[PDB]
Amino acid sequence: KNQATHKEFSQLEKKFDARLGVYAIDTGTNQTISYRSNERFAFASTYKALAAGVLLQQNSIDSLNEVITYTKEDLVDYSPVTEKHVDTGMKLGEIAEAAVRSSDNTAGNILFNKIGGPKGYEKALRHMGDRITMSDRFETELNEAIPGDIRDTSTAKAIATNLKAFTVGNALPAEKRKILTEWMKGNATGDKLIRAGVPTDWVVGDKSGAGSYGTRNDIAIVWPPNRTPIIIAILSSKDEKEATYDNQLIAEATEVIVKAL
């Protein structure tokens, strides 16, 4: 379906007035599905699932019970969990969970901090052989997504390969790989995205993203019934800075991958 899937993906770009980037790999058959998979998009909040994976590589399960504190002036826009616990701090595991499950932006910034900032995040991905992802800024400036500006960008193929390493591969011991996938499962932020485009007997652990220039992303590990997982990265963006986005574009792209695999 090399050219057959190309046509369907090209058709979605027109129906939703957007640019689409797709990479999916069936971990059981190593069959891949790709479209503009080497083009750069701003990754926006999808980094949070990978940064949680780096955090888990670098810290014990025990240490996730350690309390982390921060200040009111550390709070950035859209921090619906962290804004409630300024006076007490949160457990480190709770912060990582807030970043993955709710896309809490202060929690994302703490994750960054704990793994050495954007530069430390990038260095961890380079260690896993990701040469493509470029991390430069904290929330919320990392969402600026200026076309042609490679700060805080990656490709569908690079992001999917990283997610594969953390969730099914050998980037984490089993127990932490399980902690990560559970954080990624059952979150409402994912409900209209890849989860809305797979059949109802499939299970989806995802991480969604949204940025300026209509940037709208979802990355996932998905389990068909009785079947090895498929890793999916779907990226989208537009040409106008204040452009809106349409969840349905991600869901329709997912339907195309499902039919092809």
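In case it trips you up, residue 1 is the first one in the sequence shown, and so on.
Higher average CA B factor: 80 to 88, of the stretches 96 to 104 and 80 to 88. When the two stretches 30 to 38 and 217 to 225 are set side by side, the higher mean Cα temperature factor goes to 30 to 38. Of the residues listed, 236, 45, 212, 65, the entry assigns the biggest Cα temperature factor to 65. Among 128, 184, 188, 110, the highest C-alpha B-factor in the deposited entry belongs to 128. Among all modelled residues in this chain, the alpha-carbon of residue 170 has a temperature factor (C-alpha) in the highest third. Ranked against the other modelled residues of its chain, the C-alpha B-factor of residue 136 as given in the entry falls in the middle third.
Among the modelled residues of its chain, residue 178 has a C-alpha B-factor that falls in the lowest third, as given in the PDB entry. When the modelled residues of the chain are ordered by C-alpha B-factor, residue 72 sits in the highest third. The deposited CA B-factor of residue 144 belongs to the middle third of values across its chain.
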